[PDB]
Amino acid sequence: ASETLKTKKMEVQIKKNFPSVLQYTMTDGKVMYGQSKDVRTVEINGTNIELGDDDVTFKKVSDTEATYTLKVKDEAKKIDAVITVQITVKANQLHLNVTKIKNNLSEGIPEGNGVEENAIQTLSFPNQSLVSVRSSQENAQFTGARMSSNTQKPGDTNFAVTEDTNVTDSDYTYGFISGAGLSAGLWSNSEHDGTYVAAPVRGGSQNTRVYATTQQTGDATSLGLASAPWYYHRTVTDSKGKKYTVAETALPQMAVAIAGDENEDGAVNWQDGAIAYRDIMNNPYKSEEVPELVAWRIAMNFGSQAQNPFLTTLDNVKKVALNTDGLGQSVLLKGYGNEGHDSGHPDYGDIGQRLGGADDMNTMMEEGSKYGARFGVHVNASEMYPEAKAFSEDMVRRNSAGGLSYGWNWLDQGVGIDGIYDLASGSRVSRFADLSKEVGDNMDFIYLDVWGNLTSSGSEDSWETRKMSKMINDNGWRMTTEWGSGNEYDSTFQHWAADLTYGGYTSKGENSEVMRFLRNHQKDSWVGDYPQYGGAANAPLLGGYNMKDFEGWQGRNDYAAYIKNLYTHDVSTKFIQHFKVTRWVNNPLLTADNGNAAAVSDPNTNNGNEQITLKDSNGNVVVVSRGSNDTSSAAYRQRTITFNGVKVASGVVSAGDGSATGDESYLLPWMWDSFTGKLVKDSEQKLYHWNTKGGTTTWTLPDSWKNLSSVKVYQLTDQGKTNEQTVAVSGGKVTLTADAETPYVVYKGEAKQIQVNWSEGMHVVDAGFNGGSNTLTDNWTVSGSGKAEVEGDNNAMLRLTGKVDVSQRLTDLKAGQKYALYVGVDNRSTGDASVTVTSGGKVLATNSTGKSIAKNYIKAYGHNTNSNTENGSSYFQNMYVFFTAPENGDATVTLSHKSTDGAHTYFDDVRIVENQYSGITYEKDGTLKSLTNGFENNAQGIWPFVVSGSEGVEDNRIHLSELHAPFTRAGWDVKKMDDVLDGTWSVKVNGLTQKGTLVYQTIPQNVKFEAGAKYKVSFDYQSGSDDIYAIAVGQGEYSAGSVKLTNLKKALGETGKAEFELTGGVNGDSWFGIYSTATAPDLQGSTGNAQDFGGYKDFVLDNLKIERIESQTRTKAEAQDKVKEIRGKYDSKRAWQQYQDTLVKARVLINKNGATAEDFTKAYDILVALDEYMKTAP
Ligand SMILES: [Mn+2]
Ligand SMILES: [Mn+2]
Ligand SMILES: [Mn+2]
Ligand SMILES: [Mn+2]
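Read in order, the letters of the sequence shown are residues 341 to 1475, 1482 to 1524 in PDB author numbering.
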């Protein structure tokens, strides 16, 4: 016997003896079958149990709901369960939910996720056939999807269901059946992993949730769909062999939705079922905001450098907002935590103190949201460093031998995290809670790096990935991840899908027509244009996110290229995501040969060439059409886009792989706000215009613009809307002239400038010189005979020439508190460039640099030596002052150039930060008396040192190491060096042996050594081997063979001491530093990772002390005699520039009117140093 459940759209006949459907009858009389045969199988823990009449009780709750109680028992196999099942119907949907599972053999999971004996681990209903179609029905067919990251291998299958179709639990991510005028897909929350087409990783790539099985049904073959098995209480083992039972992510759920000809195209196939399927499918959390995310990019910090503090990222948000006229953004903070990128894993709650900590991060996010910018952070749940407070013996993944599972060595040695322990112990969820306490509700997303690559365990399956995504989504965070194929269920972005350059054609986003038809609008997880990959990547009609960056990720810093790329691919891609696919025909990727014979070829659509139709909930219609399906035709890459029948884009996109400029032009109506994406005031609707080659094009305006007599057009730049033009509208059409690759925005009437207050929270207005030439009148005050300009078409800078002062009042200081102020400076002049903080005309603090001597090698930094500040190079380095905020609240910063030279000084990034450093002591006249540094208060970087060129422009393997005993100390595992010598922080060099060049160095702007003055330098150190690192002393820009070197002896696990004296060079440009020799390390018979983790190749420095010392006082005569002695030694040589230079300068000190004993002593000491130099001169 049976009962009927009923909605306005259908009646469903259900069996009383099992949660089975006999058939669905739609209002119009069309019928779809369920399970026409007596099948009553329940699987628990892999055992099939067939239920009899007495094993099932039934109750019809209402016309929309029935409840079943299933006794599921097999004594032999230790199964004794009672399963409650609910069937409900609404509209054209039927839901089947397991609402209760009672285990008669268990009291549940023991405390701390102990093993539950006889746990019900898996449950399914084999061959349940919730919906079915038959070989006897008209146009009976199946379409299924599996995961493919390979642009040349489609994930889909499309075939007719015939009497020969034979299939048993054939598994698919998605599965649709159609026949006799109806179509249905089956949805399930099953975490089952199964068959895939192509995927480089696990991590949820393999989730297959639908099982297709044929059975004989009278004289016909019936293809039925069932859910793949669900996990309930799964028992798992960690890397140490410890077992746990972990409760279900969610109770079992599944559903079907019955469609007729939903897109009204006269055929019934999976596309009709897919439209209905959107009403029942899981939707990734916060997938509704994806179409607003026009401007993705990464802002990077690394190696303690603070390349991108949070308030700077906010300013770059405002710059992008101006240049895009306020389109939404999604900024991925790679290195938001601890010392930067790939430091501090997995302490999710440790927000980078050198970046401004949680406070600046929150200010950035809160203010950024007003410009439609979302923020998210890069985390790692697979690898960790000793420095992280979460690092523990239980967190460590061990191999079967009991040794560490080592990760990557770079700044420090990474160690695998035991992924099963991290889940089952509650450790990972607790660290995400730490992060939640810091960010509250402000942060948009998590970016989970690497998950799926088997670094945390050999599984990382869909079950683990589902739990991972849930702990993230539970904190209000949208899920995003690295690998193109990963996390089909929950992820809304894959870095290796959106950045098309990575991985190659086998390793991209999801190459499936079914998946993209269903979810294009919900994810940036697809294949975009990158034609060298072929197939899916040759001009996809839907486009696809193409991600570039300008804030340091992999050295990327080209802002203009970033913006051009947004307009080339991303604006149209995002426009398209505002609509949902309703029809897709003539797909050239699908053939009879690749398992897709039943895909539609409609010769009456677009000449039988590919076309996709999309609609929104207001009935707007977008149609995207391929010029030709033949890849050797010029027309294969031609795309037309229409909006409500009107052409809004036409042509060939510049190749997404950078290889060939295109000719596409567009006039796209951007009808939505950058927030929840609602329609904007009819009066603030706008169109974006782009013309790849440049030139003149004519367009039909949207219907609501058709009666206007003119429009207003603005050219968009980094300053916002410029060059307003009034363009006549004639018969609803406009003609537009555009420079090539230049963005314009079109309004119905006059439009106001997006308001921007540069550098909120930064104590100064426009700290990064983003406000155009106007900033030097509106924000900064310029004075003097020289010249101040905002210079650079990329990351703009202050450029000074001649005698000029540029100043600005400081705001929002806490009176009586200590601050560092540092500014990037590159001085090409021989004259000094200075930074000064004054209060009431009185100097609080001041510092200066002569000609810069050290090029910038910091890859993630915006003015490194690959960025061309001037000539082939950049010498940008941070120049500091330290002051106490005055009680009267009156403080001013001045940036200046003194000399009347024609050469330039560059400044950028004025940073005022609370800072407790107080290790500099001056002499009466303001020269250096002493500088000490335990590195406990570094605002950023390895100050007073700067990183040198031993790795070129790199994410340099030098940073501030952090204490976390015992793991960071000698003696843990195979570690033989302490990371930290004193306090919590030291300067660490990792593995930079045999470079035969300078590793880092002081510079004059950081530590100035006065000409002829004498200084004692000392520090504590550890060094992994004898003579692998040396003290270097030099004057001016480093050059091979013009430095004094002193080899350092091994101090491995016990701290050594170094001290030496130096005499200031005559040009004030002396410096000392650490140098990597040509000597090989002694690895003490260590092999494998031990060679790196042992510390044999490393150098740690702490407790630096620099102090002026008393020199033996000299008379003028002694100095004069020393000149004679030196000239007697070397004037007869010549077998010399340095010599003559030092000599002239020494004689100046000697002969000056009013010279004193200090002058004579300096002259004498200068000549003694000249003597030592000259002994080993070229
Ligand atoms: Mn249809
Ligand atoms: Mn700048
Ligand atoms: Mn220290
Ligand atoms: Mn470290």
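No residue lacks a Cβ here, since even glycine has one placed at the ideal position from N, Cα and C.
Query: Unbroken alpha helix (DSSP H) run spanning residue 857, endpoints; Result: 853-859
Query: Where residue 791 sits in the DSSP three-state scheme; Result: coil
Query: Unbroken alpha helix (DSSP H) run spanning residue 1488, endpoints; Result: 1483-1497
Query: Same chain, Cβ closer than 7 Å to residue 648, neighbours up to 5 away in sequence not counted; Result: 639, 640, 641, 891 and 892
Query: Distance cut-off 7 Å: residue 1118 Cβ against heavy atoms of ligand 3; Result: no
Query: Identified DSSP bridge partners for residue 443; Result: 421
Query: Buried or exposed by the 16-neighbour rule on C-beta atoms within 10 Å, applied to residue 1375; Result: buried
Query: Status (buried if at least 16 other CB within 10 Å, exposed otherwise) for residue 453; Result: buried
Query: Residue 611: CB within 7 Å of a non-hydrogen atom of ligand 1; Result: yes
Query: Check: residue 603 C-beta below 7 Å from any heavy atom of ligand 1; Result: yes
Query: Euclidean distance between Cα positions of residue 1285 and residue 1130; Result: 29 Å
Query: Endpoints, alpha helix (DSSP H) assigned at residue 771; Result: 767-779
Query: Beta-ladder partner(s) of residue 1344, from DSSP; Result: DSSP output for residue 1344 lists no bridge partner at all.
Query: Straight-line Cα distance separating residue 1057 from residue 1077; Result: 17 Å
Query: Alpha-carbon to alpha-carbon, residue 1045 and residue 1090; Result: 15 Å
Query: Within 8 Å, strictly: CB atoms of residue 1019 and residue 988; Result: no
Query: Residue 608 beta carbon near ligand 5 (any heavy atom closer than 7 Å); Result: In the structure on display, ligand 5 does not appear, and the ligands it does have are ligand 1, ligand 2, ligand 3 and ligand 4.
Query: Straight-line gap, residue 1341 to residue 540 (C-alpha atoms, nearest Å); Result: 43 Å
Query: Residue range of the unbroken beta strand (DSSP E) whose run includes residue 1254; Result: 1244-1254
Query: Ligand 3 site residues, beta-carbon cut 6 Å against heavy atoms; Result: 1274, 1275, 1276, 1322, 1323, 1325, 1326 and 1442
Query: Cut-off 7 Å between Cβ atoms - residues of its own chain near residue 1508, not counting five sequence neighbours on either side; Result: 1351, 1352, 1353 and 1495
Query: Euclidean distance between Cα positions of residue 760 and residue 753; Result: 21 Å
Query: Terminal residues of the alpha helix (DSSP H) in which residue 835 lies; Result: 835-838
Query: Uninterrupted alpha helix (DSSP H) stretches inside the stretch 933-981 (no shorter than 4 residues); Result: none
Query: Same chain, Cβ closer than 6 Å to residue 722, neighbours up to 5 away in sequence not counted; Result: 757, 790, 795 and 796
Query: 6 Å CB neighbourhood of residue 1200 in its chain, flanking five on each side removed; Result: 640, 642, 647 and 892
Query: Span of the beta strand (DSSP E) around residue 610; Result: Unbroken run through residue 610 is the alpha helix (DSSP H), 610-617; no beta strand (DSSP E).
Query: Contact under 8 Å by Cβ, residue 805 with residue 782; Result: no
Query: Neighbour-count burial assignment, residue 612, 16 or more Cβ in a 10 Å radius; Result: buried
Query: Cβ-based neighbour list, residue 623, same chain, cut-off 8 Å, excluding 5 preceding and 5 following; Result: 862
Query: Bounding residues of the alpha helix (DSSP H) (the contiguous stretch that carries residue 806); Result: 802-813
Query: Contacting residues, own chain, Cβ-Cβ under 6 Å from residue 1366 (five flanking each side not counted); Result: 1389 and 1390
Query: Classification of residue 433 by the beta-carbon crowding that lies within 10 angstroms, buried from 16 upward; Result: buried
Query: Distance between beta carbons of residue 864 and residue 833, contact taken as under 8 Å; Result: 5 Å
Query: Own chain, CB closer than 7 Å to residue 662, minus 5 neighbours either side, in chain order; Result: 1058, 1059, 1060, 1094 and 1096
Query: Which of helix, strand or coil DSSP assigns to residue 1466; Result: helix
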